[PDB]
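**Q** Structure incoming, see below.
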Amino acid sequence: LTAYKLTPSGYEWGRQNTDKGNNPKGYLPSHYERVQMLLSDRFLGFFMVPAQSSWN
Amino acid sequence: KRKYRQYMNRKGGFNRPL
Amino acid sequence: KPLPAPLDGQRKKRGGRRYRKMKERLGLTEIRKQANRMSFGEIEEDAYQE
Amino acid sequence: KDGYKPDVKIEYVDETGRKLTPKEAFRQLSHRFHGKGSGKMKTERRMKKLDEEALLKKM
Amino acid sequence: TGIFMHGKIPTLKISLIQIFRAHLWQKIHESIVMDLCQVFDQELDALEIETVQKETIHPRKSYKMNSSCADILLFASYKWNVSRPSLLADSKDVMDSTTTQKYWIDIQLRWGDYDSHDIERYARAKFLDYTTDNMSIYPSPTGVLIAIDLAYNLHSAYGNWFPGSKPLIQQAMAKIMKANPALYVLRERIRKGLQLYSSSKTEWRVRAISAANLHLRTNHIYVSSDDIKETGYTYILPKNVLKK
Amino acid sequence: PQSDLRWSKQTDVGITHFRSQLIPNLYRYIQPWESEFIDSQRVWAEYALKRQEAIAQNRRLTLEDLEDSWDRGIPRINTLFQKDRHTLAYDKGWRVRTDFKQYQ
């Protein structure tokens, strides 16, 4: 597992870009920034699934 | 032809004979 | 004992006969190939296994 | 240029007319350059080898 | 020998002496000059050459680098118009407005190191040096100098050329690098010294099976905790949600 | 130096010259210990699941089904394929023996 956060410059580049290619223009290494992520066993999580159809 | 002129024990001039 | 005076006589005058058993004891016919060879081009086993 | 295809062919031969191996040609050249030929025993061995080769090639 | 020893390396001195034993340099030069004379005699009348000449050569000439001399002299029945100097690979040559009757050919053997293994530069420099030298006497101002690198097996000529000599010299050099006896002996001695001799149909089932064993993958979860800014909010995602 | 990267080759057409930096360092080619250990843990968990599923199918793991895990793991997925495997199972105390070998 790994966490990732988008910089405002990265968010602007993603919003401006619309091509869905393998290496689209405007993608930069500074667009994404990893953030600290720690698992825990103290609080249980909740799961939500669509009422009509399945998530798959 | 294929003549091979002498180098050793000539006793003459240093330069090769014609 | 004093070290014997070094000398170099004729290494061998005749061959065959017993001479062959002599080498057989030490110097027998080994593979004599691909053991003292280096294979200039490629690499056998790992690169720096040694 | 003038325009031609010169057939520059260089071969090593002996007084007997047989083509010589490069080692034999080099030996002949060195013998002629040093001014001294082979000894009597070497000459006899070479003559015997040539006679044996001629006999073998005749059948 | 024509080899220069940069640095007192007795090991290399002994090795080179072993390789060039029994005046091998002089024998190599002699073999080359005789082979070239034989080639020229075999193609004598085709290029209007009256005859060839065996110049009296001092033994040291083979390994004389400071000065030089003549090796082969060509005599003509008719005038040879000569061209300006060009390399062995110079397909296009500019003709010089002069003629000659006697034409000299010189053979220089060199043992080039790594930095000076360019045969063309050496041939050009030595041709422009010996011709305008005072201790080197040439029969005619016009001629050709062929430099041969034994250490790298190269050859190049830069002198003055006449029509019809270009291909003859080219195939002569080719055949003399291919089948010279003395050169073959040099190569064999070098080899001996070096001791070197010659679908969605079956993929669905695979996916289902892999997902069946994906439960065990949740028992080992790793987090890439690196390059964290340590300034933003942290993530406290629970283990149960991640397992689900 | 670039001066040592030039080389010549001669053909009948003439002589042609060619060119090609820093010497690679050893530390670039040796995996770090921490990466080695995490890799070993994950690869041996993978081998455990592969072995149990092969037993479920009543078959023996081949070289190809584990070639993805070749040269990964502190023991050696590779060693799992050595012939002496059965013999080496009784060679207990071998690390201490190798350490004490300096006295013999």
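Residues are referred to by chain and number: the chain letter is A, B, ... according to the order shown in the structure tokens, the number counts from 1 in that chain, and ligands are numbered separately from 1 in the order shown.
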Would you mind listing what lies within 12 Å of segment 41-49 of chain C as a PyMOL selection string, with only C-alpha atoms counted and same-chain residues fewer than 2 positions away left out?

**A** (chain C and resi 34+37-39) or (chain E and resi 196-198) or (chain F and resi 26)

**Q** Do a neighbour search on residue 10 of chain F at 12 Å with only C-alpha atoms, toss out local chain neighbours closer than 3 positions, and write the hits as a PyMOL selection string.

**A** (chain E and resi 89+117-120+149+152-156+174+177) or (chain F and resi 7+13-18)

**Q** Mind writing the picked residues with C-alpha atoms as a PDB file, in the first residue's frame?

**A**
```pdb
ATOM      1  CA  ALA E  89      41.413   5.693 -50.225  1.00  0.00           C
ATOM      2  CA  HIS E 117      47.843   3.914 -34.813  1.00  0.00           C
ATOM      3  CA  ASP E 118      46.440   6.156 -37.575  1.00  0.00           C
ATOM      4  CA  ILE E 119      48.298   4.887 -40.633  1.00  0.00           C
ATOM      5  CA  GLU E 120      47.080   7.625 -43.002  1.00  0.00           C
ATOM      6  CA  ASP E 149      51.312  -0.772 -39.383  1.00  0.00           C
ATOM      7  CA  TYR E 152      47.415  -3.040 -36.114  1.00  0.00           C
ATOM      8  CA  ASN E 153      47.707  -4.469 -39.668  1.00  0.00           C
ATOM      9  CA  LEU E 154      47.075  -1.216 -41.544  1.00  0.00           C
ATOM     10  CA  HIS E 155      48.433   0.259 -44.767  1.00  0.00           C
ATOM     11  CA  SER E 156      48.189   3.601 -46.555  1.00  0.00           C
ATOM     12  CA  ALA E 174      45.377  -6.514 -50.262  1.00  0.00           C
ATOM     13  CA  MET E 177      48.312  -8.358 -46.160  1.00  0.00           C
TER      14      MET E 177
ATOM     15  CA  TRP F   7      38.997   2.780 -32.418  1.00  0.00           C
ATOM     16  CA  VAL F  13      37.413   0.580 -48.908  1.00  0.00           C
ATOM     17  CA  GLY F  14      39.701   2.179 -46.304  1.00  0.00           C
ATOM     18  CA  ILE F  15      40.054   2.753 -42.570  1.00  0.00           C
ATOM     19  CA  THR F  16      37.047   3.959 -40.568  1.00  0.00           C
ATOM     20  CA  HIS F  17      37.149   5.519 -37.103  1.00  0.00           C
ATOM     21  CA  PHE F  18      34.552   5.073 -34.370  1.00  0.00           C
TER      22      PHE F  18
END
```

**Q** Compile a residue-level contact table for chain D against chain B at a cut-off of 10 Å, reporting for every qualifying residue the shortest atom pair and its distance in Å to one decimal, with only C-alpha atoms counted, rows ordered by chain and ascending number, as a tab-separated table.

**A**
```
residue	atom	partner	partner_atom	distance
D:11	CA	B:2	CA	9.8
D:12	CA	B:2	CA	8.3
D:13	CA	B:2	CA	8.6
D:14	CA	B:2	CA	9.2
D:28	CA	B:4	CA	8.8
D:29	CA	B:4	CA	6.1
D:30	CA	B:4	CA	8.5
D:31	CA	B:6	CA	8.9
D:32	CA	B:4	CA	5.7
D:33	CA	B:6	CA	4.2
D:34	CA	B:8	CA	4.8
D:35	CA	B:6	CA	5.4
D:36	CA	B:8	CA	8.4
```

**Q** Among chain E, which residues carry a DSSP assignment of alpha helix (DSSP H), reported as a ChimeraX atom specification?

**A** /E:10-19,24-42,119-130,165-179,181-194,203-212,239-243

**Q** For C-alpha atoms, I'd like the residues from the last selection saved as a short mmCIF file (atom, residue, chain, number, x, y, z; two decimals), in the first residue's frame.

**A**
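What landed in result29.cif:
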```cif
data_model
loop_
_atom_site.label_atom_id
_atom_site.label_comp_id
_atom_site.auth_asym_id
_atom_site.auth_seq_id
_atom_site.Cartn_x
_atom_site.Cartn_y
_atom_site.Cartn_z
CA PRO E 10 62.13 -5.23 -19.32
CA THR E 11 59.21 -7.66 -19.60
CA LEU E 12 57.95 -6.02 -22.79
CA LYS E 13 61.52 -5.71 -24.05
CA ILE E 14 62.06 -9.46 -23.71
CA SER E 15 58.67 -10.25 -25.26
CA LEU E 16 59.26 -8.01 -28.28
CA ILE E 17 62.79 -9.38 -28.75
CA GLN E 18 61.34 -12.89 -28.74
CA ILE E 19 58.69 -11.90 -31.29
CA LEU E 24 62.34 -10.35 -38.52
CA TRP E 25 61.84 -6.65 -39.36
CA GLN E 26 64.39 -6.74 -42.19
CA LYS E 27 62.95 -10.01 -43.49
CA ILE E 28 59.41 -8.58 -43.43
CA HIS E 29 60.49 -5.47 -45.34
CA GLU E 30 62.43 -7.59 -47.84
CA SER E 31 59.46 -9.89 -48.41
CA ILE E 32 57.15 -6.91 -48.92
CA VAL E 33 59.47 -5.26 -51.44
CA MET E 34 60.00 -8.49 -53.41
CA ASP E 35 56.25 -9.15 -53.47
CA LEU E 36 55.55 -5.64 -54.75
CA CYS E 37 58.26 -5.99 -57.41
CA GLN E 38 56.79 -9.33 -58.50
CA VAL E 39 53.32 -7.79 -58.73
CA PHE E 40 54.65 -4.89 -60.80
CA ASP E 41 56.55 -7.22 -63.14
CA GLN E 42 53.42 -9.34 -63.61
CA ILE E 119 48.30 4.89 -40.63
CA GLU E 120 47.08 7.62 -43.00
CA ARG E 121 48.37 10.51 -40.89
CA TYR E 122 51.72 8.76 -40.43
CA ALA E 123 52.06 8.05 -44.16
CA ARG E 124 51.21 11.64 -45.09
CA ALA E 125 53.57 13.15 -42.52
CA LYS E 126 56.49 10.90 -43.42
CA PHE E 127 55.98 11.46 -47.15
CA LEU E 128 55.96 15.23 -46.64
CA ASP E 129 59.03 14.90 -44.39
CA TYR E 130 61.33 12.56 -46.35
CA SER E 165 48.84 2.55 -60.42
CA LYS E 166 45.95 3.07 -57.99
CA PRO E 167 44.15 -0.29 -58.47
CA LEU E 168 47.42 -2.17 -58.92
CA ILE E 169 48.77 -0.88 -55.60
CA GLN E 170 45.38 -1.49 -53.96
CA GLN E 171 45.20 -5.17 -54.87
CA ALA E 172 48.94 -5.52 -54.22
CA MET E 173 48.45 -4.31 -50.65
CA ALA E 174 45.38 -6.51 -50.26
CA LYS E 175 47.23 -9.64 -51.39
CA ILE E 176 50.33 -8.78 -49.36
CA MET E 177 48.31 -8.36 -46.16
CA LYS E 178 46.45 -11.57 -46.99
CA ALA E 179 49.29 -13.94 -47.89
CA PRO E 181 54.96 -15.30 -45.58
CA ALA E 182 56.95 -12.97 -43.32
CA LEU E 183 53.78 -11.23 -42.13
CA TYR E 184 52.22 -14.63 -41.43
CA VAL E 185 55.29 -15.57 -39.39
CA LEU E 186 55.00 -12.31 -37.45
CA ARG E 187 51.33 -13.05 -36.75
CA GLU E 188 52.12 -16.61 -35.65
CA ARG E 189 54.91 -15.44 -33.34
CA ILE E 190 52.58 -12.83 -31.83
CA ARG E 191 49.90 -15.49 -31.32
CA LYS E 192 52.41 -17.83 -29.66
CA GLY E 193 53.62 -15.05 -27.38
CA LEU E 194 50.02 -14.21 -26.48
CA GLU E 203 -8.58 -16.21 -18.40
CA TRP E 204 -11.78 -15.90 -16.35
CA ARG E 205 -11.09 -19.22 -14.62
CA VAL E 206 -7.48 -18.18 -13.95
CA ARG E 207 -8.65 -14.86 -12.51
CA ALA E 208 -11.20 -16.61 -10.28
CA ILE E 209 -8.58 -19.08 -9.04
CA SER E 210 -6.08 -16.28 -8.35
CA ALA E 211 -8.71 -14.28 -6.46
CA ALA E 212 -9.53 -17.40 -4.44
CA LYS E 239 -6.88 -2.79 8.85
CA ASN E 240 -10.37 -4.29 8.53
CA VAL E 241 -11.38 -1.92 5.71
CA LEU E 242 -8.12 -2.60 3.85
CA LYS E 243 -8.59 -6.36 4.25
#
```

**Q** Within 6 Å of chain A, which residues of chain E show up? Give each one with its shortest atom-to-atom distance in Å (one decimal) and the two atoms involved, counting only C-alpha atoms, rows by chain then rising residue number, as a Markdown table.

**A**
```
| residue | atom | partner | partner_atom | distance |
| --- | --- | --- | --- | --- |
| E:222 | CA | A:1 | CA | 5.9 |
| E:223 | CA | A:1 | CA | 4.9 |
| E:224 | CA | A:2 | CA | 5.4 |
| E:228 | CA | A:35 | CA | 5.3 |
| E:234 | CA | A:36 | CA | 5.2 |
| E:235 | CA | A:37 | CA | 4.3 |
| E:236 | CA | A:38 | CA | 5.2 |
| E:237 | CA | A:39 | CA | 5.3 |
| E:238 | CA | A:40 | CA | 4.8 |
| E:239 | CA | A:39 | CA | 5.7 |
| E:241 | CA | A:45 | CA | 5.3 |
```

**Q** Determine, counting only C-alpha atoms, which protein, DNA and RNA residues have an atom within 7 Å of an atom of residue 5 of chain F; residues of the same chain fewer than 2 positions away are not included. Present the result as a ChimeraX atom specification.

**A** /F:2-3,7,19-20

**Q** Pull out every residue of chain F sitting within 12 Å of chain E, counting only C-alpha atoms, and send them as number ranges by chain.

**A** F: 3-17, 35, 38-39, 41-50, 52-53

**Q** Atom CA of residue 88 of chain F and atom CA of residue 76 of chain F, how far apart in Å?

**A** 13.4 Å

**Q** So how far away is atom CA of residue 101 of chain E from atom CA of residue 81 of chain E, in Å?

**A** 9.1 Å

**Q** At a cut-off of 7 Å, list the chain E residues touching chain B, using only C-alpha atoms, as a PyMOL selection string.

**A** chain E and resi 34+54-59

**Q** Within chain F, find each residue whose DSSP state, derived from the backbone, is strand (DSSP E or B), and express the selection as a count of residues only.

**A** 10
